[PDB]
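*Asks:* All I have is the shape, not the residue letters:
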RNA sequence: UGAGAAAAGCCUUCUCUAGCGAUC
């Protein structure tokens, strides 16, 4: 930078909110950073894009008895 | 919990089908709205047959 | 035998706009457990971007335009020629209020383009809907007024009086008199943080949280009198102009400026940045208009010498730049597709009754607001306003119930002051220095007589 | 022999626990035991996974829970270490992804099958020495039996709304769940989420 | 109690219920 001076001091208050550890199963911090980039709210995505992003993993009917698996539905 | 209910009225007999319901907590302050509110009641109950007199 | 078998394609440029991954990174991964997560992340990103590409057809409006014929220059085209050639709806938006008995006026548009508030030097304060010709309030504080700004919705407005800072309702009822902020010259509001920034004559920059009502920061610039101030909407940082020729970047967390950029050989008197946060426009006493690239380079992209001095600068949502020199305003236009505005030749010109004291573009309309000694004028600027607005963020045609639902959502979503940095995505990157501190703790737990000498 | 359990999948199999700190697998059709594995301490109760035929969880007295694959019984799949007293009873959800354990200390915990730490813990002054816990059949409630002559009912999720929901309520609930797992590694999120008063 | 007290006409901000909407 020809005439620009950049403050090299770190913002400690902002650094408190950042993630300290590198989560499993990630070896490099570049790998973990990629997953968090995509936003998920309905403000930034269409309604059908929002629905596929918020798909629940387990769906249960409220009143039906759940039986164990039986030979791939026999 | 899918089952059929037979309701007898002065006008005739009605057969209805129940899709789903929270059975254990039904007699509780929050879940009771499921049957009280007409819109929520239509969600879980349908009229499959009606035979008037 | 189907001539075109494949599904409908989507434009690559449009998809690239709805993209937030860094493909340039060449990280190596040799583990399948790492690989499965990465491919899903790309799969999630690609499908969301495709859906937004199809939604481009849902957009219904088109930006305005103005091009001459038979070699005529658009600079010499006057406002009267435009008004007769445009529909009756837009023609009603051009008007010239004449209030010379009071001093020169400073004007501010609300974030929604429906409402306008202005303040006079002699102390005339009025707020009005400007689309319809109705007056919300019109009061005369006995003390002098230097600046006027809106606070989030149109309900609250802040005036920078001679002694202290005052807060008023949209109907003219005085609410707060803030004595900490004294001799304030300039006011400007950060919308998504609910912070109001004040520049004072004594040289102090103060941040006030309007949501809670407490002062979060008070910083001493140590640069003398402060009179030139602006914010970057993308960056949320505050720009300060000084007589040295340097512009300082400020955040509420730090007690020292983020960066200093030398831009002029003399004192700087104006600064403005675009909505995207890419380009920076400054003017100075050396009669030079400069455009800087804020995306890591900080070099002057364009330079032009001016006969008079550009007191004020502003940027629209489509990238048009207007400079106010004395009693004459000049607008420079460029294609704007990944390019700065072209300073080769201006787009439109207009002469005011008096010297210019304030400029701002209406958010979602093709009009320009000018405040001067004679009064307030509204120009017609075809192609300056962004056509398609979002109904859930800033709806001009919103009811009272819609407005109050939005305000709670914004209050639930307020950003803390300390998160402001030069990078709005700084929260995403892993704290590298905190990594190695953790790794250190992890490691911790895991010839014959020469012998007689 | 303390307990015996039939396997809900391939229903001819059996599991057993005895007083020599061993677990014995039987076979009803061929009328012979299959294999024996000895641990450090006695296992109080055994429970079969209702969605995985070859997986079972043993409640052991060394403050721990052991998840086993019966084909490869040399080493346990996972170890659960959040209890501080002898574990008495366990039971699986029919979804097969979680189980609830009773212990000698006056608390009950819920563990994910793939995690080694408990998701939540329930406690009360009036409840002492939980003897038995059974997970209800619709994956929504917890019932526990204690020695103070009372049986208590608990909720599977402490913040779910049981009644019929509208479209906006369901959309909001799904958005909240995806938000929590997206930002699960941030320190402030971890600080609030993992705090259980004891 | 002490922007005294009392009465009329206009805007601003907001509170309660009651139907109605969730059945594809």
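*Replies:* That came through, no problem. Residues are numbered from 1 along each chain as shown, chains lettered A, B, ... in the order given.

*Asks:* what's the single longest helix in chain C?
*Replies:* helix C:32-54 (DSSP state H).

*Asks:* Would you mark the buried spots in that one?
*Replies:* C:34, C:41, C:44, C:45, C:48, C:49, C:50, C:51, C:52, C:53 (16 or more other Cβ atoms under 10 Å in any protein chain shown). The C-beta positions use only the backbone N, C-alpha and C, and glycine is treated the same way.

*Asks:* Count the residues that sit near residue C:381.
*Replies:* By the criterion of other Cβ atoms under 10 Å in any protein chain shown, residue C:381 has 26 neighbours.

*Asks:* who's in contact with it?
*Replies:* Applying Cβ atoms under 8 Å, 6 or more residues apart in numbering or on different chains, we find residue C:381 in contact with C:316, C:320, C:331, C:348, C:361, C:366, C:367, C:368.

*Asks:* rewinding a little: reformat the buried residues of helix C:32-54 as TSV; add distance to residue C:243.
*Replies:* Listed next are the buried residues of helix C:32-54 as TSV, based on distance: Cβ to Cβ, whole Å:
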residue	distance to residue C:243
C:34	55
C:41	50
C:44	51
C:45	48
C:48	49
C:49	47
C:50	52
C:51	52
C:52	47
C:53	49
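
*Asks:* Kindly reformat those residues as a markdown table containing distance to chain D.
*Replies:* Shown next, in a markdown table, are these (distance: Cβ to the nearest Cβ, whole Å):
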| residue | distance to chain D |
| --- | --- |
| C:34 | 16 |
| C:41 | 12 |
| C:44 | 11 |
| C:45 | 14 |
| C:48 | 13 |
| C:49 | 18 |
| C:50 | 20 |
| C:51 | 17 |
| C:52 | 18 |
| C:53 | 23 |
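
*Asks:* Return the member of those residues nearest to residue C:104.
*Replies:* Of all the buried residues of helix C:32-54, residue C:52 has the smallest distance to residue C:104: 45.4 Å, by Cβ to Cβ.

*Asks:* and chain C, which residues reach RNA strand E?
*Replies:* Within chain C, the positions near RNA strand E by Cβ under 7 Å from any atom of the strand are C:155, C:170, C:171, C:400, C:404.

*Asks:* wait, the first one sits on residue C:168?
*Replies:* Looking back up the chat, that one is residue C:155. No. Between residue C:155 and residue C:168 there is no contact under Cβ atoms under 8 Å: 9.8 Å.

*Asks:* dump the residue contacts of residue C:364.
*Replies:* C:113, C:317, C:385, C:386, C:387, C:389, C:394, C:396.

*Asks:* Quick one, which of those are buried?
*Replies:* Using 16+ other Cβ under 10 Å as the burial test, those include C:113, C:317, C:385, C:389, C:394 as buried.

*Asks:* which residues touch the residue in the stretch 301-450 of chain C positioned nearest to chain D?
*Replies:* Residue nearest to chain D within the stretch 301-450 of chain C (Cβ to the nearest Cβ): residue C:427, separated by 8.5 Å. Residues in contact with residue C:427 (Cβ under 8 Å, 6+ apart) are A:14, A:17, A:18, C:419.

*Asks:* Using a markdown table, lay out those residues together with secondary structure and distance to chain B.
*Replies:* Below are the contacts of residue C:427 laid out as a markdown table (DSSP: H, G, I helix; E, B strand; the rest coil; distance: Cβ to the nearest Cβ, whole Å):
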| residue | secondary structure | distance to chain B |
| --- | --- | --- |
| A:14 | helix | 41 |
| A:17 | coil | 36 |
| A:18 | coil | 39 |
| C:419 | helix | 37 |
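
*Asks:* List the buried residues of stretch C:79-95.
*Replies:* So for stretch C:79-95, counting by 16+ other Cβ under 10 Å, buried means C:79, C:82, C:86, C:90, C:93, C:94.

*Asks:* in which helix or strand would I find residue A:13?
*Replies:* helix A:12-15 (DSSP states H and E).

*Asks:* Is there proximity between that helix and chain C?
*Replies:* Yes. Using Cβ under 8 Å from any Cβ of the partner chain, helix A:12-15 reaches chain C at A:13, A:14, A:15.

*Asks:* Tell me how many other residues crowd the residue of the stretch 201-350 of chain C found nearest RNA strand E.
*Replies:* Residue nearest to RNA strand E within the stretch 201-350 of chain C (Cβ to the nearest atom of the strand): residue C:211, separated by 15.5 Å. Residues lying near residue C:211 (other Cβ under 10 Å) number 13.

*Asks:* In a strand, it, correct?
*Replies:* No. With DSSP: H, G, I helix; E, B strand; the rest coil as the criterion, residue C:211 is coil rather than part of a strand.

*Asks:* Wait, it touches residue C:410, no?
*Replies:* No. Using Cβ under 8 Å, residue C:211 is not in contact with residue C:410, being 9.3 Å away.

*Asks:* which residues in chain D form helices?
*Replies:* Assigned helices in chain D, in chain order: D:167-182, D:187-193 (criterion: DSSP H).

*Asks:* Point me to the residue of chain B nearest RNA strand E.
*Replies:* Closest point on chain B to RNA strand E, by Cβ to the nearest atom of the strand, is residue B:39, at 1.8 Å.

*Asks:* Revised request: answer the last question for chain A.
*Replies:* residue A:62 (13.6 Å).

*Asks:* Residue C:271 versus that residue, what's the distance?
*Replies:* From residue A:62 across to residue C:271, the span is 60 Å (Cβ to Cβ, to the nearest Å).

*Asks:* Tell me the secondary structure at the residue in chain C that RNA strand E sits nearest to.
*Replies:* Of all residues in chain C, residue C:404 sits closest to RNA strand E, at 4.4 Å by Cβ to the nearest atom of the strand. With three-state DSSP as the basis, residue C:404 sits in helix.

*Asks:* Name all residues that make contact with residue D:110.
*Replies:* Residue D:110 makes contacts with D:98, D:99, D:100, D:101, D:118, D:119, D:120, D:121, as judged by Cβ under 8 Å, 6+ apart.

*Asks:* cutoff 10 Å now
*Replies:* D:82, D:93, D:98-101, D:118-122, D:135, D:142, D:154, D:156-157 (Cβ atoms under 10 Å, 6 or more residues apart in numbering or on different chains).

*Asks:* what's the answer for residue C:42, then?
*Replies:* The neighbourhood of residue C:42, defined by Cβ under 10 Å, 6+ apart, consists of A:34, A:35, A:38, C:21, C:23.

*Asks:* May I have the beta-bridge partners of the most centrally placed residue in chain B?
*Replies:* Central residue of chain B (Cα atoms, centre = their mean): residue B:45, 4.5 Å from the mean position. Listed by DSSP bridges, the beta-bridge partners for residue B:45 are residue B:18.

*Asks:* And stretch D:151-164, end to end?
*Replies:* Terminal residues of stretch D:151-164 are spaced 27 Å apart (Cα to Cα, to the nearest Å).

*Asks:* Can you tell me, leaving aside adjacent residues, what's nearest to residue D:131?
*Replies:* Leaving aside its chain neighbours, residue D:131 sits nearest to residue D:145 (5.5 Å; criterion: Cβ to Cβ, 6 or more residues apart in numbering or on different chains).

*Asks:* whoops, residue C:219 was the one
*Replies:* In space, residue C:219 comes closest to residue C:205 once its chain neighbours are excluded; the distance is 4.6 Å by Cβ to Cβ, 6+ apart.

*Asks:* In which helix or strand does that neighbour reside?
*Replies:* Using DSSP H and E, residue C:205 sits in strand C:204-209.

*Asks:* now for that strand, which elements pack on it?
*Replies:* For strand C:204-209, the helices and strands in contact under the criterion 3 or more Cβ pairs under 10 Å, 6 or more residues apart in numbering or on different chains; DSSP states H and E are strand C:165-169, strand C:174-178, strand C:184-190, strand C:195-200, strand C:214-220, strand C:238-241, strand C:246-250.
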